[PDB]
Each structure stands twice: as structure tokens, then as C-alpha cells.
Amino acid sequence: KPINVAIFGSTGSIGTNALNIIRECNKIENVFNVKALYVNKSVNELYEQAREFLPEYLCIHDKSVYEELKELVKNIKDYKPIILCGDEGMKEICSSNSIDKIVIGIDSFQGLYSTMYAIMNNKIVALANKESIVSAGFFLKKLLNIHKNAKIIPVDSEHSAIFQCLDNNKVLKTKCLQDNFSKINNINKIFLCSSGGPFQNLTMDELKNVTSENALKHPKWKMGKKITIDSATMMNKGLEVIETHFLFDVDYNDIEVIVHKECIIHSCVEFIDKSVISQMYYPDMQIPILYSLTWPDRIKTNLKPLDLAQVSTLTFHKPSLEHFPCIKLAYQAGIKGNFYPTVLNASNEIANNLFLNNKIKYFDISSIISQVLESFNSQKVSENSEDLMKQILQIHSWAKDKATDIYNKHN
């Protein structure tokens, strides 16, 4: 009974890590079939992955490299995949009855589109992309209410940890990103752990002048550029607070960010009796990815065992909101609700990219995001799913444009 999986964003950090744990898992016993691979424009790298995994489907988003892809794959003998392009290609893969689970390793708001179509096709969605949940949580909840057999299984490491800390006897009565989830699961409060990022010990004077080169250098594992910058600003953790709220139905007052620099405890769940359960491992994404594909079971691996005497010390401290103002902006946006999380995500996408490209300074990131949030006024939420998606898109686009306009003006 092999598990038929598609990897969306297969050439990025998540996608390559997913293919690695799959490869390793299969050597112990052949449990996964890699049925589809989808990328944006990394045509040479997708070709190489195609030669190794020989999926039934290949898809490339950028039309300008589709012909190139076909020409390359011609060089793989005895291999006749279905080779698709763009939105229509993604939709065709999601509607295939040969695919059971889809790993969403596409970055940014863009990952919402495939997330939505995977749910609409009643698939198990092993969701790493958090911008989708932040920007469109209420929408996704409505979609999941309609598509009974669709499920989001969280891959983001902290949310995987939380999910692993739950009793599946209770989980199986509901599913993530549903009303009443915390009540059913007896959840009282979440400790959302953070690495703290590379800037965690810097002074205010030092933060003023940090660069994106400083944020990107010497990663534990290479993550994509966007998340790496968000880790440095701790906007990642702000996004993950909102993600927690939506996935697990936890009030913002019951989500506490804790800086745990060793990254061994990945997050913790306090139940209503005050007992706390936590998930622990070395800093890795292989367990989150694997668990999303095996849940509700676990399978044998040969991963390096955790050794607590080796670790020796685990530390916890609260983050400074003066140093990391993005965290507070995320809580404020989440608490306001409505489309404020959409605005938060969109403005951050622009500010993150500006800092990445050395156009603005560290504290300008939070300044831009704050100004966009203050400029937004709540809208009535469309009652129809199609209109609600259009409204999310329009607000996301406006907020990106507003961020860019603020940048353009101070120049």
C-alpha cells in the first residue's frame, strides 16, 4: 500500500528535504511513490529530479521554460511522463486520482493557490507554506468545512510539533483549521518556540545597521531566502502565531512565543489540566515532513537519535518586542482579525524583499508594515467563496502596492 505523493515546490528547501526523507525512508521499505513534481522556473533542476524519481507528472509554472523542459526530458530513455505548465497543470495534478497527498513547499502568498485546489480535490495537504494560512485562514476553514475528506496536516516545524503532541483519539473526531478544535482536543495554551534568529543577541545600535548578508549567512540547513529573512526579524514567529490560531483554534492570548536557542523542544501544548506535552528532536525538517505523510501512524527511520546528555542544557527566554517589533505587529493584526492578517503578510512580503535587496534598513521593515496596517480599514467579509478569494487577492495586492508606495515616498 504505497503512499502516492506530489511535491509542489520540489527544487526549494522544503521540496528537496521531502525528496531526501522519502529516498531514505524507501531504502528501509518502499512506502512512497513520487507521482508528481512542480516548480516555478528551475527547469534544469527539475529535469535532474525527473531523471531520479521518474514521476508520472511534471509541471513547470513559467511558460517561458515549458518547451525547454520537454526538450530536456526527451533525454531520459524509457520515460514518458505527462508534462504540464502553469495553473492549468497544477489543477490537473491536484485532480488526479493517482495522488493521495500533496506537499506544499511553494513560498509566499503564491502557495495559497495550490493549497486551495488540493483541498478542493479532497486531498491530504502536507502544508509547509504558512503565508496561505495567515492570509486566508477563514477562507480555508470554509473550504475545509465543504471538502470533508480534505485535511491540512501541518509541516511547519512548530505546528508539526503541536500536532504530534495531540492525542489522535481526539484529533480523529475533527481536523486542523476547524472551529472547536481546541475544545475537542482539551487545549488550553501553546508555547510557540523560536530559534530567535541570527540577530537575537544584538543591541538596538547593532540592529539599526544589520544587513541581509548577515541574516543569510551560515544556516543550519539552507532555507529559502524569504523565510530566512523572516527568521531574522522574528516576523516568521509572528506569522506562526497567526498560523497557530487558525490551525488549532487557539486564542491569541493563549499563544506565547518563547526563544529556545538550542531548537530541541519544537513547541509545547498545555492541556486544560495544566499538563504540558512537547515534541523534541534535533533541529531538522525531516521529521515534520515525514510525519505529515505517515499520520496517523509513524514508521521506522534510521535518523540520528536524540541524546539528552549530549544536549546538556535547554534554555528559554522571552523575546524583546523592542528588538523584534514585527512580533507585536503580528499579534495586533491577528487580534483585529478581518483582513488584517492578509495585510500583514502582504506588506511583509514587500518589506522582506526590500531588506533582502539592501534597499531599506532593519527597523524600516516594521515601520513599513505598521504603516500599511494603520492605513487599512476593515471590510465586510464576502459570503461567497469565489468573491471571498477575489477580495483576499485585491487586499493582498493593495497592501503590497501600499508598502511599495511608502518605500517610494521616503526615497
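Residue indices: 1-based, along the sequence shown.
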{"property": "Mean C-alpha B-factor comparison - 313-321 and 170-178, higher one", "result": "170-178"}
{"property": "Mean Cα B-factor comparison, 247-255 or 113-121, giving the higher one as deposited", "result": "113-121"}
{"property": "Residue of maximum C-alpha B factor among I184, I153, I76, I335, per deposited coordinates", "result": "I76"}
{"property": "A403, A18, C25, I395, ranked by C-alpha B-factor: the highest one", "result": "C25"}
{"property": "Chain third (lowest, middle, highest) by recorded CA B-factor, residue given as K274", "result": "lowest"}
{"property": "Within-chain third of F363 by Cα B-factor, per the entry", "result": "middle"}
{"property": "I229 CA temperature factor, ranked by third within the chain", "result": "lowest"}
{"property": "Lowest, middle or highest third - CA B-factor, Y281", "result": "lowest"}
{"property": "Chain-wide C-alpha B factor ranking for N345, given as lowest, middle or highest third", "result": "lowest"}
